[PDB]
Structure formats: structure tokens, C-alpha cells
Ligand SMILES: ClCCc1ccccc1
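Here's a solo chain for you in C-alpha cells, the form deposited without the named molecule.
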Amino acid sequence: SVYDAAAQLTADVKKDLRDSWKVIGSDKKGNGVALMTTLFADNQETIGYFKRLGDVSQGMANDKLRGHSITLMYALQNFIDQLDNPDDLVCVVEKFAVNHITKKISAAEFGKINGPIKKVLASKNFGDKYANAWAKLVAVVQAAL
């Protein structure tokens, strides 16, 4: 239940999400591409889903990948801004869930983003505490897939 999952975002979890987002969200292009390249490097079996982006190994040089990556960061910005109201968080999460359901992305595969998030956070000195907080947010999307 996406609603029960949203209920797991306690005061402490929301605080850690906001605090870390303040840093990671400051460079959407840089960290956005970092997230995607890490996903492709650690889970090569997911590259096939991104055929529209062309050669993803080009990273920042790939205009389609850069556009996609920046936009992805605004989806996270959206989630963070909706933390105050569970009803609004759920409706935006379901909107993005549909985008992935159409691309045939399951809850299990969506969860493969946790590894990359932990790595990007770690490179900014945010440890497991923050990685686990973000895993709870990702879990809300997984509940809608």
C-alpha cells in the first residue's frame, strides 16, 4: 500500500531527506548524471531500458542523457516538496509510477537505484543513515509499481 509506505516517512526520516537533499539537490546536472552513470555501471542489465537515450557510456557528453538526468532530479525535488502533505506526495508518486509501468519497470528493478543513491550520498559524506532514509522514499514509489 502506497499509503502505508508514505506513513513510514516519520519526522526523523523527513528531516534526513531534507538535510541531504539540500546538498545533493544543489547540483542537479552533476549529481543527476552521476546517479545514472552509476546505475549503468553497477547494473549493466538495465541499460536496455534506456535505448531512447542512445550511447549512455558518453555520460555528460550525451545531450539526451543530460536532459533526462536533470529532469530526474526535479522528480526528486517534487517528492521532497510534497513531504508535508501525504495526499499530494501519493498523487505525484503515482504519476511517476505510471511512467515506469509503461516502460515495464518492476518494483524490484526500480529498487536497483538504492545502490547508486547510497554511492552518490557517500561521495558527499552522507552515510548509511541517509542512504536508509532515501530507501524509504524509494519504497513509496515501489509500492505503486
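Residue indices: 1-based, along the sequence shown.
Although not depicted, the form solved in complex with the named molecule is the subject of the following passage.
Engineer: Hey, in the entry with it bound, does residue 76 get a heavy atom within 4.5 angstroms of the named molecule?
Structural biologist: So residue 76 counts as contacting the named molecule.
Engineer: How about residue 121 - does it come within 4.5 Å of the named molecule in the entry with it bound, if we only consider non-hydrogen atoms?
Structural biologist: Answer yes; at least one heavy atom of residue 121 falls within 4.5 Å of the named molecule in the entry with it bound.
Engineer: I'd like to know whether residue 62 contacts the named molecule in the entry with it bound, with contact meaning heavy atoms within 4.5 angstroms.
Structural biologist: Because no heavy atom of residue 62 falls inside 4.5 Å of the named molecule in the entry with it bound, the answer is no.
Engineer: Going by a heavy atom distance of 4.5 Å, is residue 31 a contact of the named molecule in the entry with it bound?
Structural biologist: The answer is yes: residue 31 has a heavy atom within 4.5 Å of the named molecule.
Engineer: Exactly one of 90, 56, 35, 83 has a non-hydrogen atom within 4.5 Å of the named molecule in the entry with it bound; which residue is it?
Structural biologist: Answer to the contact question: 35.
Engineer: Which residues within 46-70 place at least one heavy atom within 4.5 Å of the named molecule in the entry with it bound?
Structural biologist: The stretch 46-70, when checked against the named molecule in the entry with it bound, contributes no residue at the 4.5 Å heavy-atom cut-off.
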